[PDB]
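What follows is a short report on a single structure.
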There are 2 protein chains.
Amino acid sequence: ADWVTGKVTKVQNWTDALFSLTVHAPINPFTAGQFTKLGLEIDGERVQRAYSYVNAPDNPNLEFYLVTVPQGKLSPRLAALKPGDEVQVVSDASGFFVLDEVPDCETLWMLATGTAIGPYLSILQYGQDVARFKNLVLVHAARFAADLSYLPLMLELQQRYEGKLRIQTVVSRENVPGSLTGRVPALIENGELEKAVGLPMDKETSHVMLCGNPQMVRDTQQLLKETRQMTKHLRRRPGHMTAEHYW
Amino acid sequence: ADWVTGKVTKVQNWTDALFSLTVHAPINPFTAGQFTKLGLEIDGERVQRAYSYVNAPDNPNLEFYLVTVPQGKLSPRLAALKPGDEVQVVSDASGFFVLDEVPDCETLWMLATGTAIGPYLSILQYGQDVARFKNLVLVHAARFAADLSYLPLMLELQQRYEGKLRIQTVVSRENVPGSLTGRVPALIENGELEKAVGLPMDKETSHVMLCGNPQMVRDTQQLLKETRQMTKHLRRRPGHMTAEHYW
Ligand SMILES: Cc1cc2nc3c(=O)[nH]c(=O)nc-3n(C[C@H](O)[C@H](O)[C@H](O)COP(=O)(O)OP(=O)(O)OC[C@H]3O[C@@H](n4cnc5c(N)ncnc54)[C@H](O)[C@@H]3O)c2cc1C
Ligand SMILES: Cc1cc2nc3c(=O)[nH]c(=O)nc-3n(C[C@H](O)[C@H](O)[C@H](O)COP(=O)(O)OP(=O)(O)OC[C@H]3O[C@@H](n4cnc5c(N)ncnc54)[C@H](O)[C@@H]3O)c2cc1C
Ligand SMILES: [Ca+2]
Ligand SMILES: [Mg+2]
Ligand SMILES: [Mg+2]
């Protein structure tokens, strides 16, 4: 896994914990939805972690949306980077959370918690290989309204897609006009998410991508399996769900 | 002003300085765009200030979007209210920043700084008397992206308006994907706002509503007069610009 040297060109601090890095690095071409590994030297040793590309692959402004994990090894050090700093970038991207691995369906649902919205933003900004889906639905769940860092881009995407892309934000406990409140699995189970979006999530019409918090991913997959007869998708055994856990 | 007792039902703290109150109170009917006055007793005397309704006239959740003016007489005390607390509400709404005072035109531009987005949210949520406008453009200018409190609602509105409504964010003090950087008058003058929105601002096609900071309001009015032969609108001298300053 050889690497190249990236240079930080922008640091955007969204909240005390959330930031986006913009980096220029001579990486190889990647597929929208894939991740690389970013690395710094910590206590005399190379430390690296996976981070998804937020940018479309044809945009050389590499962008990563991160949360500072308390007591985390690498994230606080990435949080300390300034424009002009170097960071190590693995030159070939990894991952199967990509349209190439998503079967045709009427409605493609894309569920993310927190910083796990990245891969959907890469995919949606790139805008290729989506003609075969009638509907696209992006659901961003975060703890507070203040944590929904890509709403302006989301307004841009919604307009671009002319009604084909439907977007819904979810917050944990706040009452926020325009957002749903609560857990993604609970909002699926009680019908509120589907009512808000105005499209069903079911085996006949949907594929569901799930990205980020393992509890959200696990609980949602268990719910859809037990209550909607929806299965994990495999090349050899076609199904309805594609997942990428962030931990 | 004849008043009623409101009960705070919800308080949403957006930022250290921004908050929205929700109130139940037996007010008289109001026109979307109008304001009332909210009041508290401070050192033995009744103090009150004007606040625009954010809610549509048929929504009993009376909602006000406020900035805490540091050491302001009333706003810090309103920021201290908690659900269940009482607040004084004037029962007859005031103001002429309403669609019945807006002349027919092709594109209605709604410009607001900071908390002055309220009257537009009332108008757009009620969604009446807008058939007559081919285009609606809502420009929310704030200092930082963290200050754009109603983006989830704006995204909801943009979706339901099926392309009629265009939402544009402007942030003066940083660069955020999907936002325009700068101040409203400069961005009108240099074509950026019109470029970002995708529609012209001119005397043939436009009416412009302006709400909030008096410097934004007067600088913009002066620019459009000198530069685009657009004038302040009156019943007796029909023109292109409607204004409401917040101080
Ligand atoms: C494919 C993939 C893509 C990813 N993309 C991103 C991304 O784009 N942006 C991003 O911020 N992170 C992303 N992550 C997670 C990232 O790789 C790191 O795990 C994260 O930055 C924490 O690393 P650390 O060195 O600071 O903490 P560590 O010292 O490694 O401690 C991490 C421990 O905390 C946990 N952890 C990881 N993330 C969180 C979290 N948010 N909350 C609570 N615990 C957590 C796990 O339990 C882990 O064992 C991704 C992970 C994977 C597997
Ligand atoms: C018709 C009308 C509608 C209004 N609607 C709202 C609204 O919906 N939400 C809202 O937050 N304010 C609104 N305002 C302002 C509001 O009436 C008060 O002036 C404000 O809350 C500050 O009062 P205070 O007692 O805390 O400050 P004071 O002790 O009276 O000091 C006043 C100073 O506060 C500053 N200020 C006043 N209003 C604002 C503002 N909104 N943003 C930034 N600085 C300000 C000015 O610099 C002013 O000189 C509106 C004003 C008018 C005239
Ligand atoms: Ca009229
Ligand atoms: Mg809806
Ligand atoms: Mg645009």
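In the text below, chain A, chain B and the rest are named by the order of the sequence lines, each starting its count at 1.
No more than 12 heavy atoms of other residues, nucleotides or ligands lie within 6.0 Å of CZ in B:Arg183, so this atom counts as exposed by the packing criterion.
The closest side-chain donor-acceptor pair between B:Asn61 and B:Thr22, if any, does not fall under 3.5 angstrom. With hydrogens and angles left out, the side-chain atoms of A:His207 and A:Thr242 include a donor and acceptor closer than 3.5 Å. Side-chain contact check for A:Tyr246 and A:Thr115: no donor-acceptor pair (N or O, by modelled atom type) lies under 3.5 Å. Inspection of the B:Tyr150 and B:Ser20 side chains reveals an N or O donor paired with an N or O acceptor under 3.5 Å. Side-chain contact, B:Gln12 with B:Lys10: no donor N or O sits under 3.5 Å from an acceptor N or O. Side-chain polar atoms of A:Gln158 and B:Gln159 form no donor-acceptor pair below 3.5 angstrom. There is a side-chain donor-acceptor pair under 3.5 Å between A:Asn135 and A:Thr107.
Between A:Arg235 and A:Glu101, at least one side-chain N (NZ, or NE/NH1/NH2) sits under 4.0 Å from a carboxylate O, which counts as a salt bridge. Salt-bridge check for A:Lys73 with A:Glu41: failed, with every basic side-chain N at 4.0 Å or more from each acidic carboxylate O. A salt bridge links A:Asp104 to A:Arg132: at least one charged side-chain nitrogen sits closer than 4.0 Å to a carboxylate oxygen. Between A:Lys7 and A:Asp85 there is no salt bridge, since no side-chain N of the basic residue sits under 4.0 Å from a carboxylate O of the acidic one.
Here NZ of B:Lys164 is found 8.5 Å from CZ of B:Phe133. Values are rounded to the nearest 0.5 Å. From B:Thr113, atom OG1 reaches atom CG of B:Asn213 across 5.0 Å, with rounding to the nearest 0.5 Å. Within the model, atoms CG of B:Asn13 and OG of B:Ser149 stand 10.5 Å from one another, a figure rounded to the nearest 0.5 Å. Of the inter-residue distances, the one linking A:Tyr51 atom OH with A:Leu74 atom CG reads 4.5 Å to the nearest 0.5 angstrom.
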